Structure formats: structure tokens, C-alpha cells
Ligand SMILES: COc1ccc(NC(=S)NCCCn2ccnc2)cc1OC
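First comes one chain, alone, set out as C-alpha cells in the form deposited without this ligand.
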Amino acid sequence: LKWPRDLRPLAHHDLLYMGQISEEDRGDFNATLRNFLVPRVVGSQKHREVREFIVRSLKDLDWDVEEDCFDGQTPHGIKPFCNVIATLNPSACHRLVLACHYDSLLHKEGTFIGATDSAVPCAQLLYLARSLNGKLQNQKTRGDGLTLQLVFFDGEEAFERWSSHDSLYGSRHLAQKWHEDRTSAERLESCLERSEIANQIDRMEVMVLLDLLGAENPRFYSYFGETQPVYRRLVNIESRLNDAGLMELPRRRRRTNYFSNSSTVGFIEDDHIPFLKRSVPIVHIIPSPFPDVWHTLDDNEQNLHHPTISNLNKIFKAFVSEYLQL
């Protein structure tokens, strides 16, 4: 079976313009990121402040923003959680869904910033929205049944020992709410004709999950067959960007090669898992191997590699522009 949306390739000139990262872009992304570079412990004050910042930032760009709050029991007792869900055009039938988590790991030995995990991926999502905003507001006007949706999960990390009950507090909750919330094509703007929509979860066209990003030389693989047609667009985009000479490398005539055009499995359990059990196609942008710093106290700003971040932003901007045909 083919992908349900025709896969039409980014115009060369957009490819170039997405491949730019000016001084202002660097400044903007870094100023976005600085707000995240604090420990974001579930239930904490800084955690709350981080959430408020995400919300203000998306509402300031006329997205619909939802704060999805609930309490859950954990090995460390009861905790409040708030997922943040931002949707450009609510009434659009289908969503390209980009996601990360904004909670940080409770480390035993001290303050854990969680720069790759997932401060940077949270910055990346907001940066995309801010930099592509004019185009996103133009795309919305089409009313052609597709929009962009960002989710910033809460409580992804295990408090004690990773298990089915201790991890993914936010995803498990939202996946479930949305599965149970019934709808149909006739209640929604411009569904594709083949569509069989019985609930909100059916409206997630593909879920692209970002985690552990910001270190040198990531290596990604396609972790899901269902989503290989989409994963391929990442490989192709990285390649066009290198051809165009728009990747940042240490010497001239080098090429990045982050997205390996091959696959493996892992099943690195994550925020995708509860959506996957209800048939939501998934692309997990997570590296194999995990970085140096994973879950150490040195997952901090000093260990972030700004040339890699820039390159990835290029790929993500272009990727979103191609999927949504901006």
C-alpha cells in the first residue's frame, strides 16, 4: 500500500532558502534555547515557567494552543502533568504531527539540564514555527485538509525504573483521550477521499518524534517500514542540501551523512509507543548511538555542537516545507 498523500518534492529555490541560516537565525534559535537550558523537573516552578513560555510563543503566532493538565501516581508519589498541544488550523482534518517532551530527568547526583534531552528538540519545534510562520499562515488559508500540529509531551522520563507504568505519563494519557474522542470526516475540513476517520487519533497523519539531538555526528536510521516513504524524504533532503553546499562541516568538500538510507529496529520505547498501538504512523528522529552525555550530568549547553544543530534545523525546515508544500 502506498502513502496516502502524494509525495511532491521541494522546489529548488525553497531548498536553498531553507538551507540558509543567517546571523539572526542563529541568534533567534539560541535565544529560544536559553529558556529551556534549565532543569525542567515535573511539577517544578522552572518546569511551569518553561511551559508558559511555549504557550505564549505559539499563541503570539496565532496557533491554537491547549494545556492538557492531569494528575498521575508515580513511584515518587502523585505528580501533576501538562501536555502542551499546539495546532495551526484546528479544523483541518489531517495533522503532520511534530513532537518532543519538555520534562527533564530527575538525576540522583545533581541538577540535570537535559540539553539534548530534550531542550534542543523543544527549541527546534518553536524555532520552526517562528521562522516558517508567514508560510504556515499562508498554507492554512488554502483549507486543503492538512495542517501542522506540535505536541510537547510532559512526563516522558521514568522517575525510578523505566517500566510500562513508570514512563510516558503524557503520551499514554493523550493517546488514550484522543482515541476515545469520536469524530468523522463530515465534522472536519477537507479530508482526503479514501479517509476512514473514527476519532482524533485517526487525524494524526504521521508523527515525527524528535529526541536526543544536539551532539556531534548523530546517525539515524529508519526504525519503521510503514514510514519509510517519509523517512526517505529526510535522506533525499540531506543529500540535496550537501549538493547545494549548504551544510556546515569542519573542512570544505565534506558531506554530512546523518540519515542513513538503511534501517534497523531497536524499539527504543518512547512517546511514540501508545500511538503506535492505535495504528499511528511514526518516524522517530533519535540517533543510534545515543550521545556521550545521555543521562549524565554533562548533558548541558557546553556539550552542544552548534554546527550539527544548524544542519538539522535546515533539514527540518525543508522537510516540513515539503510535506506541507509551503
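The first residue of the sequence shown is number 1, and the count goes up from there.
Keep in mind that the form deposited with this ligand bound is not shown, yet the notes after this line are about it.
**Q** Taking this ligand in the deposited complex and overlaying it onto this form via the surrounding C-alphas, would you call the pocket open or blocked, using 3+ ligand atoms within 2.4 Å of backbone or C-beta atoms as the cut?
**A** Open, since after superposition no atom of the placed ligand lies within 2.4 Å of the backbone or C-beta atoms.
**Q** Hey, in the deposited complex, does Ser288 get a heavy atom within 4.5 angstroms of this ligand?
**A** Looking in the deposited complex, residue contacts with this ligand include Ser288, since a heavy atom lies within 4.5 Å.
**Q** Taking 4.5 angstroms as the cut-off for heavy atoms, does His101 touch this ligand in the deposited complex?
**A** Judged by the heavy-atom cut-off of 4.5 Å, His101 is in contact with this ligand in the deposited complex.
**Q** Hey, in the deposited complex, does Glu156 get a heavy atom within 4.5 angstroms of this ligand?
**A** Taking the distances in the deposited complex, the answer for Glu156 is yes, it comes within 4.5 Å of this ligand.
**Q** Although this ligand is absent from this view, report whether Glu269 comes within 4.5 Å of it in the deposited complex, heavy atoms only.
**A** The answer is yes: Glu269 has a heavy atom within 4.5 Å of this ligand.
**Q** Just one stretch in 47-55, 254-262, 294-302, 64-72 has heavy atoms within 4.5 Å of this ligand in the deposited complex, so which one is it?
**A** Contact criterion met by 294-302 only.
**Q** So this ligand isn't shown here. In the deposited complex, which residue out of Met207, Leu212, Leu126, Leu146 has a non-hydrogen atom within 4.5 Å of it?
**A** None of the other options qualify; the answer is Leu212.
**Q** Could you list which residues of 108-122 come within 4.5 Å of this ligand in the deposited complex, counting heavy atoms only?
**A** Counting only heavy atoms within 4.5 Å of this ligand in the deposited complex, the single contacting residue of 108-122 is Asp117.
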